Amino acid sequence: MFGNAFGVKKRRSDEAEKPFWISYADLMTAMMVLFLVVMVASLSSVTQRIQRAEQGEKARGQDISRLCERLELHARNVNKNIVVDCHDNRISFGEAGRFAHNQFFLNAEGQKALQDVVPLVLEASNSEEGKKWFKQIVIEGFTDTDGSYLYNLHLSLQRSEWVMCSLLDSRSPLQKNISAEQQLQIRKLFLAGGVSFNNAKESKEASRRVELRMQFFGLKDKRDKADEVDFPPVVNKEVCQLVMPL
Amino acid sequence: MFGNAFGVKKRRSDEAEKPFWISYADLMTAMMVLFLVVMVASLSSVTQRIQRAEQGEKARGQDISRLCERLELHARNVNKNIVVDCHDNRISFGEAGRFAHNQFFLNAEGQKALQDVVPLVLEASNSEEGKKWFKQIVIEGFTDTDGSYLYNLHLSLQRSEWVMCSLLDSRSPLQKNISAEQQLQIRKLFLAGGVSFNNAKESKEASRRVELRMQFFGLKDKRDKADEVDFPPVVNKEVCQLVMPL
Amino acid sequence: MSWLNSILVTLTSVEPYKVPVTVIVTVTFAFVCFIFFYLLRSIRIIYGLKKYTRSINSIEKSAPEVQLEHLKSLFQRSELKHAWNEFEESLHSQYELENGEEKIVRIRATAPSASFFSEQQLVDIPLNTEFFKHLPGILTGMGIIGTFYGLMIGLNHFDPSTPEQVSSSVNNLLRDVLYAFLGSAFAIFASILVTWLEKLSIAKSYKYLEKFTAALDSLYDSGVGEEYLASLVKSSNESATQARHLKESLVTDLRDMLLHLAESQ
Amino acid sequence: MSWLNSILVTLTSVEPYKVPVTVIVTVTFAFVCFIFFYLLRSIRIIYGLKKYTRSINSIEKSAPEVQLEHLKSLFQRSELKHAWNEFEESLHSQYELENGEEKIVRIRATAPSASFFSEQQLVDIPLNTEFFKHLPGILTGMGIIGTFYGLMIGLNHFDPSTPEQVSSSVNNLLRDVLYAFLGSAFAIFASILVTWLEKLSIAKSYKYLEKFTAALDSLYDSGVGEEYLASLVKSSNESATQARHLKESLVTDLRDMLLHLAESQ
Amino acid sequence: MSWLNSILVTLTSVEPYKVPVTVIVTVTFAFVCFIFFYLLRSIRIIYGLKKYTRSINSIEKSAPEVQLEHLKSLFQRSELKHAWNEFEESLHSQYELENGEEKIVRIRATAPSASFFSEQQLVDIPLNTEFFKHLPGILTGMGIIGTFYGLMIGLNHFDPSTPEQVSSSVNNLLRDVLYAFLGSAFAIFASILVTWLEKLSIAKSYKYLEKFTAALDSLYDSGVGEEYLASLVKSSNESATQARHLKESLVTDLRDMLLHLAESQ
Amino acid sequence: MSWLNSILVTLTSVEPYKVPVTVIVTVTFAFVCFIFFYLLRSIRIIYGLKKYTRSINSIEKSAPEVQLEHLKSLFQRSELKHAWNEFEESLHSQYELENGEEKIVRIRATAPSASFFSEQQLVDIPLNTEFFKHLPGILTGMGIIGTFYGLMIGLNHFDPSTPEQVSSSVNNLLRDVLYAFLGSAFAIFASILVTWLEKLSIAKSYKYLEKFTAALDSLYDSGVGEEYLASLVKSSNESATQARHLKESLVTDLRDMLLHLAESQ
Amino acid sequence: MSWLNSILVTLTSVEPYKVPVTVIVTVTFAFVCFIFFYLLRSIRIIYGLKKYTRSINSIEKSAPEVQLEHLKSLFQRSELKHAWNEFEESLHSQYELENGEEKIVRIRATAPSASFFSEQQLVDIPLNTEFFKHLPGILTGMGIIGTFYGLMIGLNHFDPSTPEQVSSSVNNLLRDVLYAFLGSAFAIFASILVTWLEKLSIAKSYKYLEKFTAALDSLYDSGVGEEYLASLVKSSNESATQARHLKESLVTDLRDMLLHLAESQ
Ligand SMILES: CCCCCCCCCCCCCCCCCC(=O)OC[C@H](COP(=O)([O-])OCC(O)COP(=O)([O-])OC[C@@H](COC(=O)CCCCCCCCCCCCCCCCC)OC(=O)CCCCCCCCCCCCCCCCC)OC(=O)CCCCCCCCCCCCCCCCC
Ligand SMILES: CCCCCCCC/C=C\CCCCCCCC(=O)OC[C@H](COP(=O)(O)OCCN)OC(=O)CCCCCCC/C=C\CCCCCCCC
Ligand SMILES: CCCCCCCC/C=C\CCCCCCCC(=O)OC[C@H](COP(=O)(O)OCCN)OC(=O)CCCCCCC/C=C\CCCCCCCC
Ligand SMILES: [Ca+2]
Ligand SMILES: [Ca+2]
Ligand SMILES: [Ca+2]
Ligand SMILES: [Ca+2]
Ligand SMILES: [Ca+2]
């Protein structure tokens, strides 16, 4: 009847975001973050020795691959007959290294390739990478499983003896282009010996070959000094004892 | 003024709860739990993979040590001149393994020991440890650093060849004692290695010696038929290549 | 308790893909209900309000009886029929004397039309806004339940025994949570879409209801009570003045009358 | 602090299944209280409102005193009895002198029936909506407490300190987290179910209360005060007219009388 | 800068146990404040409202003067004293000349009692609801702050610089997380308890205040303005006829007097 | 089911960088929509209210008819035309007869101007405040969807089967977490920025709407009906006094006149 | 995409310690703005209201004109001055002739003073509550945003190339998580502090504004309109009775005068 027309009505006031839900979202995001970062830290710590070992292995592989690439580039620049297999640290002379039946000699190109690759491998090993990771060079022998075992063994042994003879025989062309220090290095870094049997190749003719295979120190070796020995200076020229005229 | 004091009131509809921070918080709770579970599970799994690798290495080392110990015990039971070093996986000859200038064959005691150790090697390889870890055997020759280098290499290589004959010579007692399967296993096992010149203490009697060492599979090494070279059945007798007047 | 483990193995035995499909189906059913019972009815209400507004604006120049009959004929929907009846009760017809008859010359408003064509009766009740404004929260809650259910399925089958079992259990848990989160993401997208559609629809419904009530309010002038009071005050003052004037006129007439009587006698 | 460590060992010593069991039981108790005190009560209120609306519609074409007696006998629940008494005070009975007595010929409304049969008094207070609208938040908070406390138990059990027993610790952690999420999921499901039920019930209750108040409002016509004011304005105008006419008539009668007296003289 | 490092070193230097202790102490203090300033106050207000309602119901059959004096003496509390004074101003006393003096025969209501004994003045302001409805959020925030600070302490103590220190570091960090979660869980539990008690108290306060205002309203009848207007309309309608009848009777009496005068002459 | 298998396999392969890109694009679209439909409109509305208030205050000391014409011209070509028409209807013009003409000497308010220029019509509906108060929640929901999906992708790709690839797994997982966090931070930043902007703008809009409605209210004084009632009461009392005085004066004049008549006779 | 990488490089090029510094500084700036624009202003409002309440209570026993002049001089703030002007024009002055000029003998209230000195007018708009009630959520959101941004910086700069680079990246990530914890703790602390202060201030403002408006309401009595109507009803009845009595007295005096004239004749 006499009601107040000017009665005011408070506006519908949007109600705010409850503080709990945003704070709780913050807390749960923080907890997720904490668990993630704790996992990262814990995994990094438990595998840190493994990570350091793997980094060392990768560095050794990279250094060895760089040395092999330098050696194969030098071979390509100098003599095409020298082919270097960087996959498994192998030096091959396929065409030059073919061996006929019951003979332990090689043609002229094989001798040229050997006496050309020896100084290159020497100067590669003389570098810091070589002085840090290069061990002595092992001469590879291959024999078949057919016929008399000892005949093949003797053939391979004579092949290895003839190889080192060609490296270190008097009147050889290598001796005319060498110094005493290089000869001593060849004596230190080369040993002759080793036979093997394999069936990864389709032809028995491939077994009649000579191959150079260098091998490197282990990660825990680090060039033990006691293993190294010394040799006296050369007093007389070496003479091969194999029967050249046959 | 003409309005009524008894009018409708409570003109205020309830605001709905804002849902999206709630959903954020709940889903983030789920993610926090996921990250906690992943953290604990991953830490456990990685720790167990490190410990499983460590225990594999330890068990392989224990198997190698047990094989070496039982082989050395068998060698002592057979004859007392065998020197076995489990620290470096090597078997040597103390006194019977010596050699003189221009000599390439062991004395009677050396031949007896060489023939006696072959069945011991066969038994060691036949055991479960031999199946699991045993690799092929290489033969290392040692000679003084004095004299002609080629002469010493040829002498050591001749010693290795004569040893291999005595292992596989038909006239030798081993061939008439072993069977076809044992002969094939010997062909698989015994290999010819290189020649070393570890000269020390100025003792030429002990420097010129030959001993056989044993290699083992690694944990990561894989056994495959490619490396398992199978010699054919023996169709004819084998005669050694160096004749006595040499 | 064994009962808790039994209900847990029963709950976690369902296939993980059935959690997202359950959430998606139930969210979709809720969305279809929202479309049918809120959005379509709101669009119909808005269109009808526009039509009613156009009809009201067509009789702005009509006679009060004509437009009163037009408005009565226009409103037939039950809620609007009742609203029109009450609003017409609130209208004050002013009658005047023409040709010895009492006829309506002007219709006055005593209340705004929004008092009767209110937002509640015409929008909020028909759209069930008291229920549908809370629907997005329900949808998001269903999504949260789905994600939690998938997480529980993953956790119950987790086998931390060996590293291989750890890896397989982690992959299975993540796959189950990913199914459940597909359901939850569908729920959250539906909640967003429902929020937008609902709020836009309610705003436009209020807008066109205000247009409708403005169209109605423009037909009738308010303020009749104050005008009546002013008229009564003026009438009281004029009545006092006229009482004085009529008394003086009566005295003068009596004087003249008795003067004539004296002359005659 | 020894007190805090004692508190922690007390809290973490409880069997982990007791946390989700407590959450489920308390949430179920809150749900049953909601069903009994809100949902069934709201259903009864809606049913009664429908029956009252039917009864009111049955006396649309009855006499005002018959209607008034019917409505007085109809409303007997305490809140509706009081609402009816107040509303009846708001009704204005218009009297006319018929056959020597004053009889009610019409009953006029002065206020909307909703001013007395309000949503507050008839729905919100009997349903205790000022509490129950906050119940889903309470349920979700109970689920959150369960989640926090189950995670605390899981973290307390996680102390393997030995590579052999890491798997058992992870299993116990997974079990405790599973319990926590079971409790939380049940609490959220109950919260959304409660939200659905109570919003739907409140929407229906408002809709049928509006139908009830519209049925009551259609019985009586408003606008009696402006009619009275218009009558007073008309009476004042006709009062001035009647005053002048009576003065003129009295003057004419006096003229006739004194002419008669002169003729007698 | 270095200032951030310094304040981070200072903050994380406290023992992890002091954070849950601080959270528990402060949350308990806020809970005690809620109990004192809100819960006990609401219980007192409800009990007083029930007592007042009983007092009002006992004078339902008393005389208006006796009712008025009883109500005046009954309301002794600043808020209710002022509310009673304003409401009594809203009441309209009707005086009838009895025994030569103006006596109150009836007191009429012109406003509902809830307009003066309102929820804001009698519940909301005395209970400080504008603050206490936000207390649960404050308690949860305090708990979350404690949890964050405990996480800072735990994370700062986390430093596995060695592969063999990883498991111990993880275990200690999970323990510190447990401390922080303890604080948060206590805070959330207290917040839920406060929400429950507060909302129930509001519901009961509003219900009993409604009972109180309904008791006050039932004492006095409304609608006196329309009765006065109908009386004025009736007086005007009767005044027209009274003026006509008085004029006619005056004319008849004048005619009789002049006839008698003529006969006497 | 096969369809769900295809859906899961296609969602699993989603390249992680695409999720934050989608979140950022959608959030930027929402922000541009907010700027265009809310912020710029609110700025224009605040400017319009300011201009209206300056116009209203510029006729504070003008004649009432000049005020009316100025306000009608101010509002006639705008969306506030009908609100002004209704408010002007609520304006009661008091008339006095000056120089033989009926002229407006004063204009009286019977209602606050806010009952016609409401927040809803002038601010809330044009700005779509019903929806835009939910936009920060909408953005938070987008953020949680994108971030949860990204974290699930990262966890699913985190599967170190060997210790040696732990470093790479950590690196890739950190990249994926970075993508998810980028999405979340952008969404939440937009949410907070939108909240800030729209709350500030709505507060300013309400402030200036209050200034506008207060400027309208300042023009015309209220309380005319009580003045009219006081005038009527005074007139009734003074009319009783006037009737008594007129009767006494008529008696005295009649006595003197009859004495003169007797003297003349 | 290259766009995403460029955005990441730009965002993460900032130093890690700047995110917590920015969070703390922005939160502290918002807190200082809250203090300056809300808390100090609210304290001024409350203190002024208490002073005005004391002043109003000091004029309880003063003359109405003295009270009016005192109150007019009291209110000088713009919103207060406008509220007083509107309330005063809602006050009805009752005039009496004592003895040759109109004197205000009583002032009657026709509206509650809260209708003009309202919470919206006097607290909500000056305090900008429409904005500041959303500030704590903004603060907490900035805490969350800081967490995400700092973690992005940590993740983007993670270097896995070298074991020591891994260790430095891990340390930086841990430091960033600590920074995020500190920023969130500070933000939530400020948000709850702002909530506490704001809600306490708003509760006290409403309390003391209620005391102020109650003090204003105590000065003036309502219910004048019903008194005027009752006076009019009594005057109408007494006017009918006095008309009959005056007719009787006039006819008796006319008879006496006629008898005297006849006797003189
Ligand atoms: C780059 C892309 C990246 C982003 C993509 C995703 C974006 C997500 C963002 C989410 C939120 C952002 C939106 C903010 C803007 C809204 C502002 C507002 O209030 O409206 C302004 C305006 C209306 O207000 P106004 O300014 O007063 O209008 C004046 C009128 O012109 C006349 O005045 P009037 O008052 O007389 O009006 C009469 C009234 C009366 O009409 C009514 O009855 C109204 C009430 C009911 C409305 C019925 C319409 C239903 C439409 C169904 C869905 C269609 C499309 C769905 C989109 C999402 C699907 C993916 O009519 C209307 O107002 C209706 C107009 C609204 C319809 C919009 C047209 C359809 C889409 C526009 C196409 C342009 C392309 C943009 C991008 C497309 C999306 C990818 O409406 C718009 O223009 C809005 C369109 C802008 C974009 C909308 C995107 C949809 C948002 C929903 C999120 C989807 C969730 C995920 C789905 C997954 C499910 C599983
Ligand atoms: C608008 C929503 C608001 C907030 C969004 C939240 C974030 C969720 C979203 C999204 C992922 C990004 C969308 C995909 C854009 C790519 C378009 C394009 O150019 O190519 C089309 C593509 C060709 O490239 P691919 O074959 O995919 O190459 C893969 C190589 N690794 O083929 C197509 O035509 C369409 C394929 C669609 C893929 C993405 C599907 C995502 C759909 C909806 C997202 C919903 C949330 C996700 C939750 C997942 C729970 C299991
Ligand atoms: C201040 C923002 C207002 C509101 C913010 C709300 C949320 C609060 C949170 C968090 C994170 C803030 C980021 C840090 C800001 C610091 C700015 C700065 O110092 O710029 C300097 C910087 C580096 O300088 P130097 O000293 O040379 O660095 C050498 C390093 N060796 O160079 C510059 O000039 C500017 C670079 C621009 C970076 C862009 C960051 C954005 C800034 C502010 C808004 C933050 C919103 C976060 C949302 C994230 C979206 C995914
Ligand atoms: Ca109108
Ligand atoms: Ca009606
Ligand atoms: Ca009553
Ligand atoms: Ca004014
Ligand atoms: Ca008062």
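How each quantity is defined
Summary of conventions: residues on each chain are numbered from 1 in written sequence order, possibly unlike the entry numbering, and any residue without coordinates is omitted from what is shown. By the order in which they are written, chains take letters starting at A while ligands take numbers starting at 1. Excluded from the side-chain calculation are hydrogens and water; included are all heavy atoms of the structure. By the criteria applied, helices consist of DSSP H or I runs no shorter than four residues and strands consist of E runs no shorter than two, each listed in order from the N terminus. Accessibility here uses a 1.4 Å probe with only protein chains present; expressed as a share of the type maximum, an area under 20% marks a residue as buried, one over 50% as exposed, and anything in between as partly exposed. For this analysis, residues touch if any pair of their heavy atoms sits within 4.5 Å. Using a 1.4 Å probe, accessible areas were evaluated by the Shrake-Rupley method; residue-level cover was limited to the displayed protein chains. Note on donors: an N, O or S atom is included if it sits within 2.8 Å of the metal, or within 3.2 Å for Na, K and Ca, and water is never included, so sites can look incomplete. The geometry test gives tetrahedral to four donors whose angles all lie between 85 and 135 degrees, gives square planar to four donors and octahedral to six donors whose opposite members are over 155 degrees apart with all other angles between 65 and 115, and gives irregular to the rest. Each pair of strands is called paired provided DSSP finds at least two bridges between the two strands. Any two rings among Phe, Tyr and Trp, with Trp reduced to its six-membered ring, count as a pair given centres within 6.5 Å; such a pair is stacked if its planes are under 30 degrees apart, edge-to-face if over 60, and tilted if neither. The term buried area means the drop in 1.4 Å probe accessible area that two parts suffer when joined, counted for both and summed. As used in this structure description, the phrase polar contact means that two N or O atoms lie within 3.5 Å; if the pair is within protein, one of them must be able to donate a hydrogen and the other to accept it, and residues adjacent in sequence are counted only when both atoms belong to side chains. Amino acids outside the nonpolar list (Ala, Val, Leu, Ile, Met, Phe, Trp, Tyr, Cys, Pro) and the charged list (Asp, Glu, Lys, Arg) are all regarded as polar, and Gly is one of them. For this purpose, a residue is taken to be near a molecule or strand whenever a single non-hydrogen atom of the residue falls within 4 Å of it. To obtain an axis, a line is fitted to C-alpha atoms, over the contacting stretch when the element is a helix, and the angle between two such axes runs from 0 to 180 degrees between their N-to-C directions. Each salt bridge in this description consists of a side-chain nitrogen of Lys or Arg and a carboxyl oxygen of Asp or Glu lying within 4 Å of one another. All the domain ranges listed were derived from an automatic or database domain assignment. In what follows, a disulfide is any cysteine sulfur pair within 2.5 Å.

As annotated in the PDB entry, chain C is Anti-phage defense ZorAB system ZorA from Escherichia coli.

Naming follows the PDB entry, where chain A appears as Membrane protein of Escherichia coli.

Section: the overall build of chain A
The secondary structure content of chain A amounts to 7 helices and 5 strands. Ordered by position in the sequence, the α and β elements of chain A form the string α-α-β-β-α-α-β-α-α-α-β-β. In chain A, buried positions account for 52% of the 246 residues. Nonlocal contacts in chain A, meaning residues at least 24 apart in sequence, comprise 76% of its contacts between residues at least 6 apart. Accessible surface for chain A amounts to roughly 12,100 Å². Of this, 52% is attributable to carbon and sulfur atoms.

As for the coordination of the calcium ion (ligand 4)
Listed as protein donors to the calcium ion (ligand 4) are C:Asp217 (O), C:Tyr220 (O), F:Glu86 (OE), F:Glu86 (OE), F:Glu89 (OE) and F:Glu89 (OE); their distances from the metal cover 2.2 to 3.0 Å. Each of the 6 donor atoms around the calcium ion (ligand 4) contributes to a set of angles spanning 45 to 171°, which defines the coordination as irregular. Placement of the pair is F:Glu86 and F:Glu89 together in helix α4 (residues 81-90), with a separation of 3 residues, close to one helical turn. A single burial state applies to F:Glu86 and to F:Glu89, both of which are buried.

Here's the deal with the pairing of strand β2 (residues 102-109) of chain G
Sheet topology places strand β1 (residues 91-97) of chain G next to β2(G); 7 bridges connect them, and they run antiparallel. Across the sheet, G:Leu97 pairs through a bridge with G:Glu102, a residue of β2(G).

Re the packing of aromatic side chains
Residue and element names in this part refer to chain E. For the structure on display, the rule yields 104 aromatic pairs over all chains. Here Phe 34 and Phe 132 contribute two aromatic rings whose centre-to-centre distance is 5.9 Å and whose plane-to-plane angle is 75°, an arrangement assigned as edge-to-face. On the criterion of sequence distance, the pair formed by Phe 34 in helix α2 (residues 18-57) and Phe 132 in helix α6 (residues 129-132) is long-range, its members being 98 residues apart. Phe 132 shares its class with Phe 34; the two are buried.

Remarks on the coordination of the calcium ion (ligand 6)
Donor atoms from the polypeptide that coordinate the calcium ion (ligand 6) comprise D:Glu86 (OE), D:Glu86 (OE), D:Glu89 (OE), D:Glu89 (OE), E:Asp217 (O) and E:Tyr220 (O), at 2.3 to 3.1 Å from the metal. Taken together, the 6 donor atoms surrounding the calcium ion (ligand 6) define angles of 44 to 173° at the centre, an arrangement classified as irregular. Residue D:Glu86 is located in helix α4 (residues 78-90), and its partner E:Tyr220 is located in the loop between α8 (166-217) and α9 (224-264); the two belong to separate chains.

Comments concerning the interface of chain B and chain A
Taken residue by residue, the interface counts 55 residues in chain B and 56 residues in chain A. For the pair chain B and chain A, the summed buried area comes to about 5,300 Å², and 69% of that belongs to carbon and sulfur atoms. Between chain B and chain A we count 12 residue pairs in polar contact in total. Within the residue set of the side of chain B that touches chain A, elements represented by two or more residues are α1 (20-78) and α4 (149-168) of chain B. Looking at the side of chain B that touches chain A element by element, the count peaks at 17 residues for α1(B). Tallied by class, residues from the side of chain B that touches chain A come to 34 nonpolar, 11 polar and 10 charged.

Examining unusual backbone geometry
That bond from G:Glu98 to G:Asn99 is cis: its omega, 0°, falls within 30 degrees of zero. With respect to the secondary-structure elements, G:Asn99 resides in the loop between β1 and β2. Of note in the backbone geometry, B:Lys201 takes a positive phi value of approximately 60° without being a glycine. Mapped onto the fold, B:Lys201 is located in the loop between β4 (195-196) and α7 (204-207).

What to know about the site of ligand 3
Neighbouring ligand 3 are 17 residues, the closest being F:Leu182, F:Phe186, F:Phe189, G:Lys18 and G:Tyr149. Taken together, the residues near ligand 3 originate from chains F and G. Burial of ligand 3 by the surrounding chains reaches 56%, relative to a free accessible area of 1,200 Å². Looking at the shell around ligand 3, the elements with two or more residues in it are α8 (166-219) of chain F together with α1 (2-11), α2 (18-58) and α7 (135-156) of chain G.

As for the sheet that holds strand β5 (residues 210-216) of chain B
All names here are of chain B. Strands sit in the order β1-β2-β5-β3-β4 across an open sheet of 5 strands; the sheet is mixed. Two strands lie at the open edges of the sheet, namely β1 (82-85) and β4, each paired on one side alone. Set on the sheet, α1 makes contact with β1, β2 (90-93) and β5; between it and β1 the angle comes to about 170°.

A look at the interface of chain F and chain A
Counting from both sides, the interface comprises 21 residues of chain F and, opposite them, 15 residues of chain A. Together, the buried faces of chain F and chain A total about 1,500 Å²; carbon and sulfur atoms form 74% of this surface. Summed over the shared surface of chain F and chain A, the number is 2 salt bridges. As a salt-bridge pair, A:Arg11 and F:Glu119 come within 2.8 Å of each other at their nearest N and O atoms. Here chain F and chain A share 2 residue pairs in polar contact between them. Per-element tally for the side of chain F that touches chain A: the top contributor is α8(F), with 9 residues.

Quick word on the site of ligand 1
In the neighbourhood of ligand 1, 21 residues make up the surrounding shell, with C:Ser201, C:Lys204, C:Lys207, C:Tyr208 and F:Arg41 lying closest. More than one chain approaches ligand 1, the contributing ones being chains C and F. Contact between ligand 1 and F:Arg41: an oxygen atom at 2.6 Å from a side-chain N or O atom of the residue. Note that an oxygen atom of ligand 1 is positioned 3.3 Å from one of the side-chain N or O atoms of F:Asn128. Taken together, the elements giving at least two residues each to the shell around ligand 1 come down to α2 (18-57) and α8 (163-217) of chain C together with α2 (18-57) and α6 (129-132) of chain F. The element best represented in the shell around ligand 1 is α8(C), accounting for 9 residues.

So, the domain arrangement of chain C
Residue and element names in this part refer to chain C. Per the domain assignment, the segments making up chain C are domain 1 (2-218) and domain 2 (222-249). Of note, the centres of domain 1 and domain 2, computed from C-alpha atoms alone, are 56 Å apart. Listed by partner, the interface residues are 5 residues for domain 1 and 5 residues for domain 2. When the two sides are added together, the surface that domain 1 and domain 2 hide from each other amounts to roughly 410 Å², 43% of it contributed by carbon and sulfur. Across the contact surface, domain 1 and domain 2 share 1 salt bridge. The salt bridge involving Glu 227 is made with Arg 108; its shortest N-O contact spans 2.9 Å. The tally of links between domain 1 and domain 2 comes to 4 residue pairs in polar contact. Among the secondary structure elements, those contributing two or more residues to the side of domain 1 that touches domain 2 are β1 (91-98) and β2 (101-109).

Focus: the state of the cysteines
By definition, a disulfide links the sulfur atoms of two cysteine residues through a covalent bond. All names here are of chain A. Taken as a whole and assessed by the stated rule, the structure comprises 4 disulfides over all chains. Across the disulfide from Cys 68 sits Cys 86; the S-S distance is 2.0 Å. In this structure, the disulfide formed by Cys 68 and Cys 86 twists by about -105° around the S-S bond and is classed as left-handed. A residue pair is termed long-range when its members are at least 10 positions apart, and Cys 68 in helix α2 (residues 48-78) and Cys 86 in the loop between β1 (83-85) and β2 (90-92) qualify at 18 residues. Disulfide pairing places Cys 165 opposite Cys 240 at an S-S distance of 2.0 Å. Negative torsions about the S-S bond denote left-handed disulfides, and the value of about 80° found for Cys 165 with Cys 240 makes this one right-handed. Residue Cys 165 is found in helix α5 (residues 149-167), and its partner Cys 240 is found in the segment after β5 (211-216); the two are separated by 75 residues along the sequence. For the pair shown, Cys 165 and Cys 240 are each scored as buried. Look at chain A and number its bonded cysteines as they come in the sequence; the links are 1-2, 3-4.

Notes on the pattern of salt bridges
Pairing is possible between side chains that carry opposite charge, provided their charged atoms lie close to one another. For the coordinates displayed, the defined rule picks out 62 salt bridges over all chains. One salt bridge connects A:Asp14 with F:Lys199, and the closest N-O pair in it is separated by 3.0 Å. Taken together, the positions of A:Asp14 in the segment before α1 (19-46) and F:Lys199 in helix α8 put the pair across two chains. There is no split in this pair, since A:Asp14 and F:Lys199 are both buried. Via salt bridges that share partners, A:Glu15, B:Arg12, B:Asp14, D:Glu130 and D:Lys133 belong to a single interconnected network.

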